[PDB]
Amino acid sequence: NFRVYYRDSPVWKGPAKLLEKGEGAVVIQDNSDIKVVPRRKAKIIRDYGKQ
Amino acid sequence: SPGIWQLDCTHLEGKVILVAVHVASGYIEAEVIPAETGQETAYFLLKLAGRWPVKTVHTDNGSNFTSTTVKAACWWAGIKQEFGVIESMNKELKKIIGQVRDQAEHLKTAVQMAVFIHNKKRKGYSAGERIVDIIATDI
Amino acid sequence: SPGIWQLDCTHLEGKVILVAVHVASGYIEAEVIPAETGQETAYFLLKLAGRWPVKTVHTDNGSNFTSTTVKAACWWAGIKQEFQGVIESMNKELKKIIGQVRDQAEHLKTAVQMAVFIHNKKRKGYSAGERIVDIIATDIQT
Amino acid sequence: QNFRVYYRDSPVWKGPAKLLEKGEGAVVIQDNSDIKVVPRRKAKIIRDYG
Ligand SMILES: Cc1ccc(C2CC2)c(-c2ccc3c(c2C)CCCO3)c1[C@H](OC1CC1)C(=O)O
Ligand SMILES: Cc1ccc(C2CC2)c(-c2ccc3c(c2C)CCCO3)c1[C@H](OC1CC1)C(=O)O
Ligand SMILES: [Cl-]
Ligand SMILES: [Mg+2]
Ligand SMILES: [Mg+2]
């Protein structure tokens, strides 16, 4: 339902699987790697045109 | 299919022209973007998606169409991406642009005049009439 | 009437938002213009006119809508200008949806087009985008 | 039916004006009841489309 786009360290990377959303960070899986990204550096985008 | 679109960029006078075509009707939308980037391409798709039932967009492997910014726009708007109707349409667009180029100072004005002429020319319906007919029939 | 539109400008974050609304359907188009000038208004109308059967546009007495450059665009595209308050209620509706989704995007122009998407696709029954296509195609097919 | 010409001769674009002739460097127009000669670069000749 959701997809997460994020920046490490400038170019936006993604889409990545959303595993968990916290108060100050989000846990995602981009390909085969699990990453912990701060909220300010991640965009969680819902598929709105579908549903 | 009423929801199939083709997007590609063409260039004139050193400027970038992003052209979208409704394949089933030949209706076109065009915009002069300040840079051929994924951010400008994604912003173009958002405007297109909120306007027509955009289900599938077919582009080449340009770095602006394969960018992450476009993937987020297509995902949010519910658009599927696939990687010569648009290329033949760019030739038609540049033809009409040259016919009206001297009538305006800015290239972007001649572009929108050319899109106007294309979408309103009958044969019989015009391209602008066909896309509205096709989409309303699908509803 | 399928060819009546209303255009007006609203402001958010110091930027100018030019909004066009199809009165019969409530369908809207919006674009962030770099300046509230007649040249940007006329370029917006050309894009609008080559897209829908734009026959009459209702605006206020702003110096950008009464400019000569807009008159030339309307004459070339065959548009008549007139100077229910649909656009004023629509500016509130657009800015309402913009504020609801503003944090989802960096650029204001992105939130603008998301809000236009949300408005034209919302069912409450046809949607705004479905009504304008239904109204215009009915006039074409008949 | 015919054409309209928009022109500047001091600021704000003036017109529409009747088109009489288009030259290499000037255009002969009639704005209302007055005959004017305007350079090409200060005149927009727009064909009646739509
Ligand atoms: C500046 C910027 C950088 C990265 C991205 C995407 C991959 C992460 C976007 C972007 C693009 C499309 C889109 C959304 C966003 C967030 C969210 C909802 C609707 O579809 C943007 C965007 O600008 C672009 C639109 C012209 C913005 O304003 O944030
Ligand atoms: C820069 C400029 C100054 C004056 C005018 C108007 C006074 C007569 C125009 C203009 C406006 C509308 C229009 C046409 C033109 C020539 C031609 C045919 C189609 O409708 C422009 C125009 O820029 C505007 C369009 C954004 C341009 O690029 O010349
Ligand atoms: Cl956390
Ligand atoms: Mg290409
Ligand atoms: Mg106003």
# chains A, B, ... in the order shown; residues from 1 in each chain; ligands from 1
$ residues_around --residues "residue 29 in chain C" --least-positions-apart "5" --cutoff "7 Å" --atoms "only C-alpha atoms" --output "MDAnalysis selection string"
chainID C and resid 19:21 116
$ interface_residues --of "chain C" --to "chain B" --cutoff "8 Å" --atoms "only C-alpha atoms" --output "number ranges by chain"
C: 29, 43, 46-47, 49-52, 110, 113-114, 116-118, 120-121, 129-130, 133-134, 136-137, 140-141
$ residues_near_ligand --ligand "ligand 2" --cutoff "6 Å" --atoms "only C-alpha atoms and all ligand atoms" --output "VMD selection string"
(chain B and resid 103 to 106 109) or (chain C and resid 39 to 40 42 to 43 68 to 69 72 to 73 76) or (chain D and resid 6 13 44 46)
$ write_last_selection --atoms "N, CA and C atoms" --output "PDB file, in the first residue's frame"
ATOM      1  N   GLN B 103       4.683  34.230 -35.542  1.00  0.00           N
ATOM      2  CA  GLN B 103       3.517  34.910 -34.994  1.00  0.00           C
ATOM      3  C   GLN B 103       3.632  35.179 -33.500  1.00  0.00           C
ATOM      4  N   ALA B 104       4.713  34.741 -32.860  1.00  0.00           N
ATOM      5  CA  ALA B 104       4.878  34.929 -31.428  1.00  0.00           C
ATOM      6  C   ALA B 104       6.356  35.084 -31.112  1.00  0.00           C
ATOM      7  N   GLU B 105       6.638  35.806 -30.029  1.00  0.00           N
ATOM      8  CA  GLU B 105       8.015  35.968 -29.579  1.00  0.00           C
ATOM      9  C   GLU B 105       8.530  34.704 -28.904  1.00  0.00           C
ATOM     10  N   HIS B 106       7.810  34.217 -27.897  1.00  0.00           N
ATOM     11  CA  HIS B 106       8.268  33.080 -27.113  1.00  0.00           C
ATOM     12  C   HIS B 106       7.967  31.768 -27.824  1.00  0.00           C
ATOM     13  N   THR B 109       4.857  29.959 -26.568  1.00  0.00           N
ATOM     14  CA  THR B 109       3.584  30.390 -27.134  1.00  0.00           C
ATOM     15  C   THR B 109       3.296  29.662 -28.440  1.00  0.00           C
TER      16      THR B 109
ATOM     17  N   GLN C  39       0.733  38.284 -19.295  1.00  0.00           N
ATOM     18  CA  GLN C  39       1.447  37.330 -20.136  1.00  0.00           C
ATOM     19  C   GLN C  39       1.326  35.910 -19.595  1.00  0.00           C
ATOM     20  N   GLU C  40       1.476  35.739 -18.279  1.00  0.00           N
ATOM     21  CA  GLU C  40       1.307  34.418 -17.683  1.00  0.00           C
ATOM     22  C   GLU C  40      -0.148  33.970 -17.718  1.00  0.00           C
ATOM     23  N   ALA C  42      -2.327  34.791 -20.098  1.00  0.00           N
ATOM     24  CA  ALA C  42      -2.636  34.435 -21.479  1.00  0.00           C
ATOM     25  C   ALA C  42      -2.028  33.090 -21.853  1.00  0.00           C
ATOM     26  N   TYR C  43      -0.813  32.808 -21.375  1.00  0.00           N
ATOM     27  CA  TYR C  43      -0.201  31.511 -21.643  1.00  0.00           C
ATOM     28  C   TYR C  43      -0.994  30.387 -20.989  1.00  0.00           C
ATOM     29  N   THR C  68      -4.137  43.522 -22.443  1.00  0.00           N
ATOM     30  CA  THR C  68      -4.247  43.349 -23.888  1.00  0.00           C
ATOM     31  C   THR C  68      -3.740  41.978 -24.322  1.00  0.00           C
ATOM     32  N   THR C  69      -2.696  41.470 -23.660  1.00  0.00           N
ATOM     33  CA  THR C  69      -2.145  40.169 -24.029  1.00  0.00           C
ATOM     34  C   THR C  69      -3.156  39.051 -23.820  1.00  0.00           C
ATOM     35  N   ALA C  72      -5.731  39.257 -26.668  1.00  0.00           N
ATOM     36  CA  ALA C  72      -5.218  38.675 -27.903  1.00  0.00           C
ATOM     37  C   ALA C  72      -5.298  37.156 -27.871  1.00  0.00           C
ATOM     38  N   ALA C  73      -5.009  36.554 -26.716  1.00  0.00           N
ATOM     39  CA  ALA C  73      -5.105  35.104 -26.587  1.00  0.00           C
ATOM     40  C   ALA C  73      -6.547  34.636 -26.738  1.00  0.00           C
ATOM     41  N   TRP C  76      -7.626  34.905 -30.419  1.00  0.00           N
ATOM     42  CA  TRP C  76      -7.039  33.880 -31.274  1.00  0.00           C
ATOM     43  C   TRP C  76      -7.690  32.523 -31.033  1.00  0.00           C
TER      44      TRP C  76
ATOM     45  N   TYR D   6      -1.253  43.957 -32.959  1.00  0.00           N
ATOM     46  CA  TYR D   6      -0.978  44.580 -31.678  1.00  0.00           C
ATOM     47  C   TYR D   6       0.433  45.144 -31.710  1.00  0.00           C
ATOM     48  N   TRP D  13       0.804  47.133 -24.549  1.00  0.00           N
ATOM     49  CA  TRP D  13       0.491  46.747 -25.918  1.00  0.00           C
ATOM     50  C   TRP D  13      -0.796  47.418 -26.370  1.00  0.00           C
ATOM     51  N   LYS D  44       2.761  42.617 -33.521  1.00  0.00           N
ATOM     52  CA  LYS D  44       2.372  41.211 -33.525  1.00  0.00           C
ATOM     53  C   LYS D  44       1.196  41.058 -34.479  1.00  0.00           C
ATOM     54  N   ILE D  46      -1.456  38.631 -35.822  1.00  0.00           N
ATOM     55  CA  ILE D  46      -2.092  37.403 -35.362  1.00  0.00           C
ATOM     56  C   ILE D  46      -3.211  37.053 -36.331  1.00  0.00           C
TER      57      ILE D  46
END
$ residues_near_ligand --ligand "ligand 3" --cutoff "6 Å" --atoms "only C-alpha atoms and all ligand atoms" --output "list in words"
residues 22, 23, 24 and 25 of chain A
$ write_last_selection --atoms "N, CA, C and O atoms" --output "PDB file, in the first residue's frame"
ATOM      1  N   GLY A  22       8.343   4.768  13.032  1.00  0.00           N
ATOM      2  CA  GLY A  22       8.481   5.188  14.403  1.00  0.00           C
ATOM      3  C   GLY A  22       8.233   6.674  14.587  1.00  0.00           C
ATOM      4  O   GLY A  22       7.807   7.386  13.675  1.00  0.00           O
ATOM      5  N   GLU A  23       8.513   7.139  15.805  1.00  0.00           N
ATOM      6  CA  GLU A  23       8.310   8.548  16.122  1.00  0.00           C
ATOM      7  C   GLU A  23       9.320   9.434  15.403  1.00  0.00           C
ATOM      8  O   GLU A  23       8.980  10.539  14.962  1.00  0.00           O
ATOM      9  N   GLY A  24      10.560   8.972  15.271  1.00  0.00           N
ATOM     10  CA  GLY A  24      11.602   9.789  14.681  1.00  0.00           C
ATOM     11  C   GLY A  24      12.366   9.120  13.557  1.00  0.00           C
ATOM     12  O   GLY A  24      13.285   9.717  12.988  1.00  0.00           O
ATOM     13  N   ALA A  25      12.000   7.885  13.224  1.00  0.00           N
ATOM     14  CA  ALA A  25      12.687   7.154  12.170  1.00  0.00           C
ATOM     15  C   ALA A  25      11.725   6.163  11.533  1.00  0.00           C
ATOM     16  O   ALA A  25      10.667   5.849  12.084  1.00  0.00           O
TER      17      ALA A  25
END
$ residues_near_ligand --ligand "ligand 5" --cutoff "6 Å" --atoms "only C-alpha atoms and all ligand atoms" --output "PyMOL selection string"
chain C and resi 8-9+60+62
$ closest_atom_pairs --of "chain B" --to "ligand 4" --cutoff "7 Å" --atoms "only C-alpha atoms and all ligand atoms" --output "CSV"
residue,atom,partner,partner_atom_place_in_ligand_line,distance
B:8,CA,ligand 4,1 (Mg),4.8
B:9,CA,ligand 4,1 (Mg),5.3
B:60,CA,ligand 4,1 (Mg),5.5
B:62,CA,ligand 4,1 (Mg),6.1
$ decode --residues "range 36-62 of chain B" --atoms "N, CA, C and O atoms" --output "compact mmCIF listing (two decimals), in the first residue's frame"
# COMPACT_ATOMS: atom_id res chain seq x y z
N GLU B 36 15.35 19.27 -18.31
CA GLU B 36 14.87 17.91 -18.60
C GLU B 36 15.25 16.98 -17.45
O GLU B 36 16.06 16.06 -17.58
N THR B 37 14.65 17.25 -16.29
CA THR B 37 14.93 16.51 -15.07
C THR B 37 13.72 15.67 -14.68
O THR B 37 12.61 15.86 -15.18
N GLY B 38 13.95 14.73 -13.76
CA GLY B 38 12.86 13.92 -13.27
C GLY B 38 11.86 14.71 -12.45
O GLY B 38 10.67 14.37 -12.43
N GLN B 39 12.31 15.77 -11.78
CA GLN B 39 11.40 16.60 -11.00
C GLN B 39 10.44 17.36 -11.91
O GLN B 39 9.24 17.46 -11.61
N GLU B 40 10.94 17.92 -13.01
CA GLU B 40 10.05 18.58 -13.96
C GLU B 40 9.16 17.58 -14.68
O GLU B 40 8.00 17.89 -14.97
N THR B 41 9.68 16.39 -14.97
CA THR B 41 8.85 15.36 -15.60
C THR B 41 7.77 14.86 -14.65
O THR B 41 6.63 14.64 -15.06
N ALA B 42 8.11 14.69 -13.37
CA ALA B 42 7.12 14.22 -12.40
C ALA B 42 6.04 15.26 -12.16
O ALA B 42 4.86 14.92 -12.00
N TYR B 43 6.41 16.54 -12.13
CA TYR B 43 5.42 17.60 -11.99
C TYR B 43 4.48 17.63 -13.18
O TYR B 43 3.28 17.88 -13.03
N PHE B 44 5.01 17.37 -14.38
CA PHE B 44 4.17 17.28 -15.57
C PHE B 44 3.18 16.12 -15.45
O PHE B 44 2.02 16.25 -15.84
N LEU B 45 3.63 14.98 -14.92
CA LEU B 45 2.75 13.82 -14.80
C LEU B 45 1.64 14.07 -13.79
O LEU B 45 0.50 13.65 -14.01
N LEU B 46 1.94 14.75 -12.69
CA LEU B 46 0.91 15.06 -11.70
C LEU B 46 -0.20 15.91 -12.32
O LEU B 46 -1.39 15.64 -12.10
N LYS B 47 0.17 16.93 -13.10
CA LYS B 47 -0.83 17.74 -13.78
C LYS B 47 -1.63 16.91 -14.77
O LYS B 47 -2.86 17.04 -14.86
N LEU B 48 -0.95 16.04 -15.53
CA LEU B 48 -1.65 15.18 -16.48
C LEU B 48 -2.58 14.20 -15.77
O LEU B 48 -3.71 13.97 -16.21
N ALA B 49 -2.12 13.61 -14.66
CA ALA B 49 -2.88 12.56 -14.00
C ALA B 49 -4.16 13.10 -13.37
O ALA B 49 -5.20 12.44 -13.41
N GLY B 50 -4.10 14.30 -12.78
CA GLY B 50 -5.29 14.90 -12.22
C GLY B 50 -6.28 15.41 -13.24
O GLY B 50 -7.32 15.97 -12.86
N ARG B 51 -5.98 15.22 -14.52
CA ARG B 51 -6.77 15.74 -15.62
C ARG B 51 -7.43 14.65 -16.45
O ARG B 51 -8.60 14.78 -16.82
N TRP B 52 -6.71 13.57 -16.74
CA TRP B 52 -7.20 12.45 -17.52
C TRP B 52 -7.04 11.16 -16.73
O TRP B 52 -6.27 11.11 -15.76
N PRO B 53 -7.76 10.10 -17.10
CA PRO B 53 -7.52 8.78 -16.47
C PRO B 53 -6.23 8.14 -16.98
O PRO B 53 -6.21 7.29 -17.86
N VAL B 54 -5.11 8.57 -16.40
CA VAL B 54 -3.79 8.09 -16.80
C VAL B 54 -3.53 6.77 -16.09
O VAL B 54 -3.33 6.74 -14.87
N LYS B 55 -3.52 5.68 -16.85
CA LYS B 55 -3.29 4.34 -16.31
C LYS B 55 -1.91 3.80 -16.63
O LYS B 55 -1.29 3.16 -15.78
N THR B 56 -1.42 4.03 -17.85
CA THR B 56 -0.11 3.54 -18.25
C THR B 56 0.59 4.60 -19.08
O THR B 56 -0.01 5.19 -19.98
N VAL B 57 1.86 4.85 -18.77
CA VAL B 57 2.70 5.78 -19.52
C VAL B 57 3.85 4.99 -20.13
O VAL B 57 4.53 4.23 -19.43
N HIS B 58 4.07 5.17 -21.43
CA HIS B 58 5.14 4.50 -22.15
C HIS B 58 6.18 5.54 -22.57
O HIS B 58 5.87 6.44 -23.35
N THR B 59 7.39 5.40 -22.04
CA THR B 59 8.48 6.32 -22.33
C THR B 59 9.71 5.53 -22.76
O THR B 59 9.75 4.30 -22.68
N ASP B 60 10.73 6.25 -23.22
CA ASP B 60 12.03 5.65 -23.49
C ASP B 60 12.81 5.58 -22.18
O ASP B 60 12.28 5.83 -21.10
N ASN B 61 14.10 5.23 -22.27
CA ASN B 61 14.94 5.09 -21.09
C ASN B 61 15.70 6.36 -20.74
O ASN B 61 16.82 6.29 -20.23
N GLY B 62 15.11 7.53 -21.01
CA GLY B 62 15.73 8.77 -20.58
C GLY B 62 15.83 8.85 -19.07
O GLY B 62 14.96 8.36 -18.34
